[PDB]
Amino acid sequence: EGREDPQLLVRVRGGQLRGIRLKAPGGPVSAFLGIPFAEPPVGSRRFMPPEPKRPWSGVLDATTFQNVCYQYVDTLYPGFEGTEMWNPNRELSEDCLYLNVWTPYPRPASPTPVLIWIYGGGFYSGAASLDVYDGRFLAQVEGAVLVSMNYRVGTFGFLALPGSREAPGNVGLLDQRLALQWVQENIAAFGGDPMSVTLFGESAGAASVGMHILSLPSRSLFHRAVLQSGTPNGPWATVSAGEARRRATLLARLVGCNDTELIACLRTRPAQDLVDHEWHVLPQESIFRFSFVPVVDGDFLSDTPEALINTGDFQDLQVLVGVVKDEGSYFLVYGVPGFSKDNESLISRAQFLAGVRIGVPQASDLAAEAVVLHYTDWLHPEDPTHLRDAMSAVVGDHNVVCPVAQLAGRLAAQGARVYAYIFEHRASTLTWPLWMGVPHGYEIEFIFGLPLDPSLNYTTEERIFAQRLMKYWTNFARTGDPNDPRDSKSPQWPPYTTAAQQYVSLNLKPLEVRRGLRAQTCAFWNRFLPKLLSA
């Protein structure tokens, strides 16, 4: 050193880092990008739990985002912003275990509450370097320390031969835990308070957060949690050991392959060969199902998430959970016949019946009959607009809204302080059609405060709204309470309770309190539907 910025040189347990001074709209922030937290999970290390990064010599350059974990790249709508924003924005590589830190400039003297972001992407995609996960605004406006990590997705992160030494499963979840441990040891070097760590994530990110709650060794690593449109419970976020074993063995066959000899062969295959056959191992034609997800191993997860939340002690737990207005709409264009971004997707009754089989791929004929019965409007059973919207509701309720209601109730009844929301504002900038409403993942840009960037063409009300949400989230991280103790007449956000079931709406209007999270409909999915599976 000698001639460089004093605020950009930090030491962590593994060596020295040089960061970068970035511009946020209201002033500068410090960013430390692509910090390695694990040994590169390559060669013989593929499918294995991550090993902590061995110390380095000299000053590591941390001024750019690192590799994105090897993954499927989406091709459904070539050129289209609505899909491309989720695509990898850095080189794909198995050498991808790096994390990022944003702090105020200059760094705070008094220790500051830490927010850790875990991205979604169905456990097959995602990256902490996407524009919608830009930590600069929360760092600058709210004085937060913000951390995000890459974790292995797809086969690399989740292929499992349960029981074996060489592919135990859930290793993507372990990548996340390693980063949480890295925050505990090192975040005070950046002015962060390791005793005030909040996890937040959206859709497999949310489900990820939920699994850290349910897994004891992760519980000591954080204090509060946010789950946006995602739960560890529900139909897509985990598979049984048997089901994981089956998908893993099948995928091996597809690429040319005693567990040891199997995995050893898999390790000789190029990454791209595994991505190429990833989608061919699902049991049924489906949407909102992903090939390689967390497995119930009797380790990371001691029992099913359903079981762990029924019988769990959550006395010391503060949790914020919610959903977007249209949870189901996004995935309909990925393989329900009739749906497209390019038209209004008015469908027939036949397409709806077919849609229900694809969207609830585990239903018997009788259970699918029940779904269809409940979601048909019997005044207008053949109306294309209702059928289109009902198909969206079926997917959203089954996969997100009802799992979230189930989780909120079981947490509240067992000690937890729970706050609940529904996000209802469709961004002025959205590129998806109007019929998709507010699709999942389109709250994220507001929480991270992108509208504060004048170059992005958000409206002024959207700028004020973004600030409102950043406040809710950072208040919650600080205190376990989204409300401001100061401002006391602007309507309060009540905790969600089994008794009253209150949650708030999030839009341009001030907070409105509501009761019952799709209560009638969720009784159908969460209480009745399991009984119908036992016939």
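Each residue number is its position in the shown sequence, starting from 1.
*Asks:* In the deposited sequence, how many residues between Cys257 and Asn258 have no modelled coordinates (none, 1 to 3, 4 to 9, 10 or more)?
*Replies:* Gap size class: 4 to 9 residues without coordinates, per the record.
*Asks:* Could you check the entry and say whether 128 to 136 or 71 to 79 has the higher mean CA B-factor?
*Replies:* Comparing averages over the C-alpha atoms only gives 71 to 79.
*Asks:* I need to verify one thing: averaged over C-alpha atoms only, is the B-factor higher for 106 to 114 or for 353 to 361?
*Replies:* It is 106 to 114.
*Asks:* Looking at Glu443, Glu91, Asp326, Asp316, which has the highest Cα B-factor in the entry?
*Replies:* So the option with the highest C-alpha B-factor is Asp316.
*Asks:* Name the one of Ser428, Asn186, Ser229, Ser208 with the greatest CA B-factor according to the PDB entry.
*Replies:* Of the candidates given, the C-alpha B-factor peaks at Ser428.
*Asks:* Based on the deposited C-alpha B factors for this chain, I'd like to know if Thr64 is in the lowest, middle or highest third.
*Replies:* Its C-alpha B-factor, which the entry lists for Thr64, ranks in the middle third among residues of this chain.
*Asks:* Please rank the C-alpha B-factors of the chain's modelled residues and tell me whether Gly338 sits in the lowest, middle or highest third.
*Replies:* Lowest third - that is where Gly338 ends up once the chain's C-alpha B-factors are sorted.
*Asks:* Comparing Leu9 with the other modelled residues of its chain, is its CA B-factor in the lowest, middle or highest third?
*Replies:* Its C-alpha B-factor, which the entry lists for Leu9, ranks in the highest third among residues of this chain.
*Asks:* Report the third (lowest, middle or highest) to which the CA temperature factor of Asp397 belongs, ranking only the modelled residues of the same chain.
*Replies:* Lowest third, going by the recorded CA B-factors of the chain.
*Asks:* Split the chain's modelled residues into thirds by Cα B-factor; is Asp377 in the lowest, middle or highest one?
*Replies:* For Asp377, whose C-alpha B-factor we compare with every modelled residue in the chain, the answer is the middle third.
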